[PDB]
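*Asks:* Chains as they are written, first to last, in the authors' numbering: chain A, 1 to 500; chain C, 1 to 500; chain D, 1 to 500; chain B, 1 to 500. We put the CB at the ideal spot given by N, CA and C, even for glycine.
4 protein chains.
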Amino acid sequence: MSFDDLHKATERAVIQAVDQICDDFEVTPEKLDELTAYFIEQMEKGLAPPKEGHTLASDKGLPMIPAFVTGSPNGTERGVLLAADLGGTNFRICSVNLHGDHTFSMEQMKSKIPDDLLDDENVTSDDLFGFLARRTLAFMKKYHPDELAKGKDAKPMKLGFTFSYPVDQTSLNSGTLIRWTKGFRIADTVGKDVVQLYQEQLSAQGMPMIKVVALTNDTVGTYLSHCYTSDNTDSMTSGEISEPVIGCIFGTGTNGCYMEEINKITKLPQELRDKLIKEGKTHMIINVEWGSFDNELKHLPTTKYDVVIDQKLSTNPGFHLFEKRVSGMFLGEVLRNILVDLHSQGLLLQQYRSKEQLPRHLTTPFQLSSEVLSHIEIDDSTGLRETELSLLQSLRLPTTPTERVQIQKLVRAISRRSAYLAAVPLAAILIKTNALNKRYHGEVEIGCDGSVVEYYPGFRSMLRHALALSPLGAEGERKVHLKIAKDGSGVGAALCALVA
Amino acid sequence: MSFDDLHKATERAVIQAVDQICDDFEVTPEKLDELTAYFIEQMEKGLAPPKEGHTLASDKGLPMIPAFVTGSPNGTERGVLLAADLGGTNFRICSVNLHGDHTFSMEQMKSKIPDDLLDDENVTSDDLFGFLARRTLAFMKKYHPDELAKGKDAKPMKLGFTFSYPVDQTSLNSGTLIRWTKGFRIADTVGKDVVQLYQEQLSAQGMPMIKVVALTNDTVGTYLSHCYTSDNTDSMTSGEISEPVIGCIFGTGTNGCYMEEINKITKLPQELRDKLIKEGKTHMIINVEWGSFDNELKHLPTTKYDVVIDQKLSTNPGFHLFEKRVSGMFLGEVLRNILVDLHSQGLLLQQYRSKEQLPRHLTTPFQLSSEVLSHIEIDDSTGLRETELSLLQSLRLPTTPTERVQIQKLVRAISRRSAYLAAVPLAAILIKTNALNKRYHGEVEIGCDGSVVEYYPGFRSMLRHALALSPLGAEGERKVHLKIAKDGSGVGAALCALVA
Amino acid sequence: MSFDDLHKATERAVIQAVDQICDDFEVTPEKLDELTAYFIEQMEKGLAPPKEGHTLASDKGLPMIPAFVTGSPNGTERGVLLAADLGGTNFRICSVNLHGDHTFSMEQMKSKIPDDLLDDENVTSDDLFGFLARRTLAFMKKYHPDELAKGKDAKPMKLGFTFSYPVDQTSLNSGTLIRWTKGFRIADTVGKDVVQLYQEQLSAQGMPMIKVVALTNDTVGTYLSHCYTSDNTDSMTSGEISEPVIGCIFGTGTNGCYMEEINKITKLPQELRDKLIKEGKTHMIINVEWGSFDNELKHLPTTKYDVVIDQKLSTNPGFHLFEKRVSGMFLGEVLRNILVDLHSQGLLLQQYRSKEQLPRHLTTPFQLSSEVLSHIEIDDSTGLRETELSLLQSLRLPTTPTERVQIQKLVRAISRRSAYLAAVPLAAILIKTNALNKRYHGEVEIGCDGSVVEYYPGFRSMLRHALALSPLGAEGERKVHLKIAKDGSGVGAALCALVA
Amino acid sequence: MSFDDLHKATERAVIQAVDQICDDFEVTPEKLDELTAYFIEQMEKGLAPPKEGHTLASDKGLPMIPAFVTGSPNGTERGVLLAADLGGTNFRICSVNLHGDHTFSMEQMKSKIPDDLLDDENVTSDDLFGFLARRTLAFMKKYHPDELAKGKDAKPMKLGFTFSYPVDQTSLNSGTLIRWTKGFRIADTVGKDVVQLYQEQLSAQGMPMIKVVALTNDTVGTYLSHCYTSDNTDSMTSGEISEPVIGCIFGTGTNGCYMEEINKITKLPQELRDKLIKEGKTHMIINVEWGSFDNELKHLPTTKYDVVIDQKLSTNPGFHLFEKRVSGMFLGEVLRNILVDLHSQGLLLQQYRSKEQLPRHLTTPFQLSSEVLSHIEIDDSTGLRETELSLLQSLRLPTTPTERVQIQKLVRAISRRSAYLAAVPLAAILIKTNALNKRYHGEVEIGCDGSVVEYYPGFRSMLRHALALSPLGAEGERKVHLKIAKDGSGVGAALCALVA
Ligand SMILES: Nc1ncnc2c1ncn2[C@@H]1O[C@H](COP(=O)(O)OP(=O)(O)OP(=O)(O)O)[C@@H](O)[C@H]1O
Ligand SMILES: OC[C@H]1O[C@H](O)[C@H](O)[C@@H](O)[C@@H]1O
Ligand SMILES: [Mg+2]
Ligand SMILES: [Mg+2]
Ligand SMILES: [Mg+2]
Ligand SMILES: [Mg+2]
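1) Just the Cα atoms here: how many angstroms apart are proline 49 (chain D) and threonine 266 (chain D)?
2) For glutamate 243 (chain C), does the three-state DSSP call read helix, strand or coil?
3) Measure the Cβ-Cβ separation of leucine 472 (chain C) and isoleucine 429 (chain C) and say whether it is below 8 Å.
4) Measure how close the beta-carbons of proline 317 (chain B) and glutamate 377 (chain B) come, nearest whole angstrom, since I'm counting them as under 8 Å.
5) In the structure shown, what three-state DSSP assignment does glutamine 205 (chain D) receive?
6) Considering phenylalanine 131 (chain B), what are the terminal residues of the beta strand (DSSP E) in which it resides?
7) Are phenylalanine 319 (chain A) and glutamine 169 (chain A) closer than 8 Å when you measure CB to CB?
8) Take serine 418 (chain B) as the anchor and find which of B:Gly488, B:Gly247, B:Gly291, B:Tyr440 has the nearest alpha-carbon.
9) Kindly list, in the order they appear in chain B, the residues whose Cβ is closer than 9 Å to that of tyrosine 455 (chain A).
10) In three-state DSSP terms, what is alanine 423 (chain A)?
11) Over the uninterrupted beta strand (DSSP E) stretch that includes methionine 109 (chain C), give me the two end residues.
12) Residues in the same chain with beta-carbon distance under 7 Å from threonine 402 (chain D), minus the five sequence neighbours each way, listed in chain order, please.
13) Measuring straight from C-alpha to C-alpha, what distance separates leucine 358 (chain A) and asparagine 122 (chain A)?
14) Out of B:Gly75, B:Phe184, B:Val480, which one is the CA nearest neighbour of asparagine 434 (chain B)?
15) By a C-beta neighbour count over all protein chains shown, 10 Å radius and 16 as the cutoff for buried, is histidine 144 (chain B) buried or exposed?
16) Closer than 8 Å by C-beta to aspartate 310 (chain B): which residues in its own chain qualify, once you throw out the five before and the five after it? Chain order, please.
17) For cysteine 227 (chain A), which residues of its own chain have a beta-carbon under 6 Å away from its beta-carbon, when the five flanking residues on both sides are left out?
18) Locate the alpha helix (DSSP H) running through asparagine 337 (chain A), then write down its first and last residues.
19) Mind listing the chain C neighbours of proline 114 (chain D)? Cutoff is C-beta to C-beta under 7 Å, in chain order.
20) Taking C-beta pairs closer than 8 Å, name the residues in chain B that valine 499 (chain D) reaches, listed in chain order.
21) Under a criterion of Cβ closer than 7 Å to any non-hydrogen atom of ligand 3, which residues qualify, in chain order?
22) Under the rule that 16 or more other beta-carbon atoms within 10 Å means buried, what is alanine 413 (chain C), buried or exposed?
23) What does DSSP give as the partner residue(s) for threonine 266 (chain A) in the beta ladder?
24) Indicate whether at least one CB of chain A lies closer than 8 Å to the CB of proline 301 (chain C).
25) Pairing CB atoms from the segment 432-452 of chain B with CB atoms from the segment 210-223 of chain B, are three or more of them under 8 Å?
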């Protein structure tokens, strides 16, 4: 045994731990099927009246929100509307000029949500909504300075507001916050009317001229934006015309929505179901809180790393268990926990004696962005050798050549687990509504927004693969196109405000 | 307001524009009566000597041509004669074997008039007449190759020549072109002898053996052909025997002719009226240039779409205003202008941003054939849903379901306007000559040739209806039969050549 | 037995004959597989050196032409070039402004090929090429009148010439006509240089300024045009990037071409293969004369109606047997022969006593356009009842209600036979070159031009179905997109002239 | 010429433009020498009294600031002090426990400077300093919550304040802002006392307990931190003991400072020079505003891209010309301007028709971070092929394979130009003070902080190379070590506060 043979014995120990992790992470079709079936069962429960002791702030299971849109655009909608979009790492304000030909011209200003609003439980509703109103002034000064200069007399501006949190919507115009998720801890807005808080701050800042017309989700805005764009009006002689079914968000969090029959939403008051069916409003866009799927954990492929994020690092433990396996914030956090744990086992970061000596950004939660993971996974031979080091050097964590390949294997296992689980709600929705066979012919479109699905170098293809593996089978995959709703939330909110 | 309600609001706007057009197009009996009366007044003027400053190339009003036929056949005429027929979208050569029993056996060769002769003002008389002579050689090679092989010694062939243009006829044998109409722009034949140009080209091509015997119109040939065929010799005990009164053309253009008393044609030289009355030639077949009726526009139900065709798209602006409302070329063009105008209003072709993006065949004049209109109008429920799309797809213009019904309404309004106006000259002629009461009993026949009246799925019945609405009343309609002179122009020219 | 029961007994006899025909026409997967395999065998033979006694004018089998393009565009090509396109029912001249962004702006003039050039064996090379030169003058007068006015001094204009006939190409600049097909009988151009004849006539007409730069086929132009347009440059993170493989023509005739490895074309001189491989010219676009597939008839599903067209009605008996089953000219002719034969059997046109009394346009060959078939097939319930009559009325053939449904069944059987046979060459080409598996991922595009594939209300979907039935299987169909190369031949020739 | 040959001709055009740019960017030793010599001349002028008409807000040339530190640490300094650090993309607060053994334990909180303070001229002193005070409260709540809870009675906290802007320092305790640079436009703080504004806001927010003890630069803090750490106390028998000479910042901006003899600072009042020399204070740490070197542009290798940044995009045109060639903000901006200009020339982004169609983040200034450049440059073969696309995809700019290599060449040319120019001030300082020969033996240390020097995968080695190329020669490079002052500004300010 030379030093090189002794080193190989160590490398084999490292490899076994990494392979064990990779196998714990991979989703096998058997679980993909248990999950699709369970997802559908929870979807039916999510439409049902609550039992005694249940509420929305505390529910568990897979709740659904009956957003009152009740239809979809065809691209002919026209007009200029404002849109606000809150809830990722950032906030955006758009001015969307809908042209009536399946396109729009969008102006945009965007900013990061300041950490003053995210790291402290003592942050109030006035700090968050005061922020949004100040950014709204900045937007108006750049794109519509005249309306701002002429307000209060200039009027109205119609604004749609996308707010990416579960909202107990009662009307397209308004609803209340059910809970904060995804990084916000601002407790005094839970139960309050989201539009009311924003609208009051807009007036407080000098813009009584801007009226918030509609409150929507990101999933809904995405679906509607997707519907507005492309064509879906081809010739009936081209042989097949597609239809939008499902909207997705794969960003800091994960969600989607779909068109559903109004007569099946048993929790909606019957009087409202009757009022709407009488006008031909046979369908609603339902926000399925995918993130909450299996919060009780009867089927998801949970490992110890997911337990740690959910119980110790997350802002809302016990909720949004699906997101913790799928969305961008947790793809990042899962790798960080693995690297720290393989430090403790003495397998990767062998040079440190012990955890307290690790780089501070490695031990601090959420400092490993899914952006680094994107580069870690795409890197091929020379990327892995040289760039993987640069990518982790930016997290102050220098590594060896052999360590870098082991880290890449962990990253691919993490993103694969997510991409396959991410297919569960798409298969489950298409199957529940029989989207694939409600019509003899016509393709199924899924309009997905969010930076993980748009940029992660692997999701577009891994979802298609996973859909084929799920109960949809190859035949279902053949009907189903994953398209990107790039301007997704912005256009969607503008359309919601147009609808009012 | 859901997307579906917003879409209905748009559909209502579309409908209002289409209904406004349909109402502008419909001819009400009040105008049908003003027009019948005006038509008769212009017919009397059309027989009168001209005033100083008037000529035939430039006249206005409703000119008539005193074709020198002076009588009608009874079906006993026999012999084999050639016939040439120029002036629609095509040209035909026939060899008609008249059998003497109200029937004939017709051989035919036909060809399209090449665009080389239609789209350029620099086309000469030698190109048009050279064309006719070359097609004549082709005809002879197929049906009478022996006469061609034996010519110059084989002789004579007698040919009748139907030339569908106003001709200043001086004798059945010849006359000059008054103007070009209906698509021809060959200026150097205006004022020239039509037979002379054709006869010279026949010799130039090697056929000195063929003599053009008679020059006729299509209206005249149709009347005579109609008279030749059926019976009109039934028993006097069958209770009632009919007589031919009016011939019609409803093809690329529109015209007709009728039998008139020679003593009323005040512009004909008196010496000629005397020469003919002395031989019992009490009547002449008069070509009424229906197409020119109301060229000055005092009564026709003119809309902006007709103004555009007459001033911008037509080959002879200011003339043939009636045809522009009635004939096949303009049924086609009127729809095209409406669709382009409803594009500009944002009502039908809503997907284009603006006119320059429309299919090139939609913006190009005369590319919308009345043939497409025929199918657009006949289509019932499933035809409208599926075939209307195919019909416009052939014009490269894909449409929506709701657009297709709106287009069909416009098409029916266009063909109805034409069919009712088309009744004006038939009512006006029968009334002026008192065809309905010159005899106690005996039916009135109108022998109409032309593809619009023969195939358009609506003219046969719409004219009968319109005749009943006009001053003829139901009582006049009861005397009047619309029959189709199917082999119309061919037989007619053969008879004209037989007459010489 | 009442009259109605006796009539049903007759209808059953009619139905049996129609069903027998429909079954003779349907292509079963077993034959679709024999044909794909045979097509591939003949394709290999088509690349081989000839045997003694063989030439190109007379070959039989499935010849291929090694067009010297040797590559494909990526959309960045820019410049303004002229293009001429001869050989369908018409001729087109374009001026194509290539912009370098996968789009172009095309100006166009088009005209029908006059019958003077099609119905007579005594037509010479000077009449056909004189025609093309005259239409070229007309084009220049409308789009580039200044170049024409300034020529001879203004120069050069670069023109690509698409000539849809087999051409024994020796260089992209020129080659000779192998045979006339598809309606032309002009024997004295066979064996002559196609460009030389056109170029001389352009000078004869006054345009020494226009140089014909490249001679191409329609199949080649279509492939290149298809390649030029869309993108095929998406992100490698979108998950899959497509590549053009096969170009198609489904118009008056049928053909296609594909990219092939130069080292496999064994008949090309080795010295030329070496000259080209040394510059990286690893592939050529090969015109596969699909029309000639199985001219000897060992596998095609031939019936008596196809025998009649090939031996009695066609301009080139014994050749282009595949086209006679597939292309637009013969979809039309096959129905006509069936209707005449069912007249002779006393089943459809029961009112005539015998063939000589049938409408002359029914007994005359090629008067039944595939355009009528398009409408006959698309028509649903009310279309069949009312429009089928109008469509055949335009062929002067009035029918009964029961006759109309029987005719529609025959039409669908005819177009299905064609659509399935039409898939044979696409499956055969993709399989021979392993287009489906030469790369792990990336879609396969087929760029098809021609009015049958673009407008016939059934081909887009019937080909996709047939491809799945053929040896490609569903898995091959999943890679394969049928797209329409709408401006196909025009752009292609402009690119060929750009290439020179 | 095949499509592939035509494409190569285009690629050659692209390459020539890229090579021309690369050659314009490369710094040749001849200029490196002109610049070193000029830098020294301007350094002498920078110590001189001003001429009439000169001030500090407007100076030009290379000003120096005589920070009143007057000495350096040896690692024995002990105590716990707070430190604030403002002025990059972010702001940091530290609590540094100096231990007296060349090490310290640092606690840290950091946040991004909100855009509310950077994009608007109407931002006031109260918004910037209010921000710093609020972040200070957050820091105290996490690391010293007891002092905050006990204040006002708990006291004092001693805070050092690093403020990375030129400051007209009069005492280590305070000075005024000379100008804003590097992204700030807050005009009403220019001329005001920097400590006074911060100190007042700390009291306003509830922390009268924290006293700002010292105001320093980042360059000074870095030098002192560097001096505090390692050893520099080795045995005199180890053969050679090093000494710190120069501190550097290579972050969003670029600067450094060095120890200089007090008797040479001719602009300092003589009375102050005498007061200090009498106590043995023979040296001062002088901030050399490297960024301002050659603001008048007599020697820097200026190209058109640098002119655009300086005159159109920068917050302070005419100043800090050296930084615009060297620092992280402009490495980013220079590439962006090149890519847009090569779009205009039609060489890289060939698919767009024109600038208005480019991705909005490409045309927006400063959206291309030097972070992307880091990855673009490090990428080797497979990194360039796949990751370069991901890196630009994050700027919404998809590219081709050939485009990616051309972009990488531009990036390496940009970072090389910077790295070589970046050596000018280090060579110039060591040469001016004869750091290399003031002692027979002992190494020269340069302590550089800042993320470009710490992470850019190329600076550590390119500076060493450039130093050898400059007048220092290989012999000077052999004395000179580039080390990283990682905790640099934080420790430095804590030491400045310890010094008071
Ligand atoms: N290129 C990338 N590769 C991988 N992950 C990325 C990339 N860019 C952003 N992300 C992830 O996406 C998150 C931002 O999500 P996104 O841009 O979709 O905003 P969002 O719509 O506001 O999110 P949400 O809708 O859930 O609130 C980041 O925190 C990071 O985790
Ligand atoms: O137009 C389609 C095809 O028609 C004929 O079959 C020709 O042989 C062929 O070269 C051409 O491409
Ligand atoms: Mg979002
Ligand atoms: Mg006629
Ligand atoms: Mg063609
Ligand atoms: Mg700094």
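*Replies:* Inspection of the coordinates gives the following:
1) 7 Å
2) strand
3) no
4) Not confirmed; about 28 Å, so no contact.
5) coil
6) Segment 125-143 is the alpha helix (DSSP H) holding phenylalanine 131 (chain B); no beta strand (DSSP E) there.
7) no
8) B:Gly291
9) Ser390, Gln393, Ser394
10) Residue state, collapsed to three classes: coil.
11) 104-112
12) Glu11
13) 31 Å
14) B:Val480
15) buried
16) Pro317, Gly318, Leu321, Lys324
17) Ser72, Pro73, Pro244
18) Counting along the chain, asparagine 337 (chain A) sits inside the alpha helix (DSSP H) bounded by residues 328-344.
19) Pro114
20) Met1, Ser2, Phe3, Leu6
21) A:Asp85, A:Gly87, A:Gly88, A:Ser164, A:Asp218, A:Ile249, A:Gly251, A:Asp449, A:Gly450, A:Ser489
22) buried
23) Residue pairing for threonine 266 (chain A): DSSP places it in no beta bridge.
24) No - not a single Cβ of chain A is within 8 Å of the one on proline 301 (chain C).
25) yes
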